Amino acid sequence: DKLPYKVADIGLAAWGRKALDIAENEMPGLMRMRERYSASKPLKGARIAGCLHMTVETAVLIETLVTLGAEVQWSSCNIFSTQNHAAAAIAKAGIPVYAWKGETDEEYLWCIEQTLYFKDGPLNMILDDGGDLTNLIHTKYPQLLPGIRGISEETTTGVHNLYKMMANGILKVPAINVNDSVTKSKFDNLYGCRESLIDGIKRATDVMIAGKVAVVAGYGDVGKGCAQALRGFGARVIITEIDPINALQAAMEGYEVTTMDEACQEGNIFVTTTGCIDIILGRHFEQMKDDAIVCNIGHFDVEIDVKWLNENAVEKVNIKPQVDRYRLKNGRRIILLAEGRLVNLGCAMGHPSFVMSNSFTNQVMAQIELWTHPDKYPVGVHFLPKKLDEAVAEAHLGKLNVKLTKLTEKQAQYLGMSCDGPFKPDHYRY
């Protein structure tokens, strides 16, 4: 057969709505999209296979896609990031969901698969976060490929692979790079983490940030957010980078920039925002100070060599779900969070509802683009139009009661731009 869905406890449905209900009032974006397309049903006929953290926010997105008329089946893009009551709320809504906090690698893979086939055929669209879905299809379901009209990726690591794939003649379906949409990378990634990272750490450890030395590997949008968040509370943030520019920026902002080999001997807290392997190794673990807290916030759990801890620790006491305290041979201890998996979602609730409205609004627009205007996106990866990007941002000004200035006719000409149309060059970096 096939289960109509699978969640931890459908009973949480009630509380699920509670949360969604409130999150919707924080997401003027998605809500704006709904009241503008609920009638036209632009996504009619679309069979969207989603593989993005099953959280309250995500649920508002999921229902938005539905209100626009697209069949939808969903699974999380991480085994710990699912929020059960939100998962349940959606299941109860009659939408196939396959996620629950605490999946196993097998169950993870199992869920994605359950979303591939619909009652009337295979997926038409892919709304991915990390590239796992799009990667699975290209590698295990190449047959469904010519049946898919477009890919819509949301995070940096996912988009990174999309470019790699296209670059290697492997990308077989048009995809839109939502992450690098201004109102996403420069808000979600930055502002989002600035608030969710500490959240995850706190809920998991309740340790005081102030007065401690935190080490943050990477100074990209996510690094910048985490770093600022930490010192905001009184921690002395030390930063590592491989890129001169990012590195110089850190130093210009007042952070000491060094190598992990050095900083591993000072940090009381470690956060990897890098997008790559081998950031914190045994060499590092062994020199850390007693009870140093190690966690990652990159998409994939590959930056912290957790296995070395399981394989070299004299003990592994588990304090609570997603929190294990190791005792190395030297006698000192180390607190590892969410087993190296992105801590904000694993140990907290991820990003706040508001900033997520931005990410997801871009996400919905992307889906509408690929589905309603296929002939406008050749196989490859594209960006949403700047004018749409500005729109996303404009949509959240009212909620924050921001009064925008309207460029006068006289001024618009001087500047040589529409008092409405695009306000900046494609290369503008905001």
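Note that residue numbering begins at 1 and tracks the sequence as displayed.
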Inset, instruction - Pick between 187 to 195 and 231 to 239: the one whose mean CA B-factor in the entry is higher. - result: 187 to 195
Legend entry - 6 to 14 versus 414 to 422 - greater average Cα B-factor per the deposited record: 6 to 14
Legend entry - Residue selected from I293, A214, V302, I112 by maximal Cα B factor: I112
Inset, instruction - Please work out which residue in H396, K387, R36, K403 has the highest C-alpha B-factor recorded for this crystal structure. - result: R36
Legend entry - Chain-relative CA temperature factor third for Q73: highest
Inset, instruction - State the tercile, meaning the lowest, middle or highest third, of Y163 with respect to the CA B-factors recorded for its chain. - result: middle
Inset, instruction - Can you work out whether the C-alpha temperature factor of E153 puts it in the lowest, middle or highest third of the chain? - result: middle
Inset, instruction - Grab the CA temperature factor for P122 from the record and place it in the lowest, middle or highest third of its chain. - result: highest
Inset, instruction - Place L342 in the lowest, middle or highest third of its chain's C-alpha B-factors, as listed in the PDB entry. - result: middle
